[PDB]
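Novice: My questions will all concern the structure given below.
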Amino acid sequence: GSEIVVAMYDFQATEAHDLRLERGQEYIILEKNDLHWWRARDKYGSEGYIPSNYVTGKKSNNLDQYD
C-alpha cells in the first residue's frame, strides 16, 4: 500500500526542501530513503522531505476488524 503517510506529529518547514508535518493530514508518500527522511506530498502540490518517523500508515494491523 502507498499514499498513506498519516502525519501524527507536528513539524515546521522554514526552508523549502523539507516539508512540515500537520497533525491530522494524511500525506501521500512519494519517495522513501531509509525509515527516517522520506519525501511525501502535503495537500495537492506541496511536497518535500518528511520524517516518516513522525508519520504513521494504517497503524500496523490494528484496524483489521476495525471494531
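Chain labels follow the order of the C-alpha cells: the first chain is A, the next B, and so on; residue numbering restarts at 1 in every chain, and ligands are counted from 1 in their shown order.
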Excluding stretch 23-35 of chain A and any residue of its chain fewer than 6 positions from it, enumerate the residues within 9 Å of it, using only C-alpha atoms, and give them as a ChimeraX atom specification.
Specialist: /A:2-11,41-43,47-53,55,57
Novice: Between A:65, A:39, A:44, A:56, which has the minimum distance to residue A:19 (counting only C-alpha atoms)?
Specialist: A:39
Novice: Give the strand (DSSP E or B) residues of chain A, as DSSP finds them on the backbone, and put them as a VMD selection string.
Specialist: chain A and resid 5 to 7 11 18 21 26 to 31 37 to 41 47 to 51 55 to 56
Novice: Could you take the residues named above and write them with C-alpha atoms, as a tab-separated table (two decimals), in the first residue's frame?
Specialist:
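The file below, again09.tsv, is the result:
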```
chain	number	residue	atom	x	y	z
A	5	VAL	CA	1.57	8.68	5.32
A	6	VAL	CA	-0.65	9.88	8.15
A	7	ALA	CA	1.04	12.77	9.97
A	11	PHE	CA	6.88	19.82	12.31
A	18	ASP	CA	11.91	19.82	3.95
A	21	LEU	CA	4.12	17.90	9.50
A	26	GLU	CA	-2.98	12.17	5.52
A	27	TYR	CA	0.00	12.71	3.27
A	28	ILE	CA	0.99	10.93	0.09
A	29	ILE	CA	4.34	9.15	0.17
A	30	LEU	CA	6.37	9.85	-2.96
A	31	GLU	CA	9.93	8.81	-2.14
A	37	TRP	CA	13.68	11.08	5.98
A	38	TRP	CA	11.18	10.22	3.25
A	39	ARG	CA	9.64	12.52	0.67
A	40	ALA	CA	5.88	12.93	0.75
A	41	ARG	CA	3.20	15.24	-0.56
A	47	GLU	CA	5.90	18.18	-1.28
A	48	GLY	CA	9.31	17.66	0.27
A	49	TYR	CA	11.38	15.82	2.86
A	50	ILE	CA	9.10	14.41	5.52
A	51	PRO	CA	10.37	12.40	8.50
A	55	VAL	CA	4.01	9.85	10.42
A	56	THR	CA	2.17	6.53	10.56
```
Novice: What is the atom CA of residue A:1-atom CA of residue A:54 distance in Å, reported with one decimal?
Specialist: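 Atom CA of residue A:54 lies at a distance of 18.3 Å from atom CA of residue A:1.
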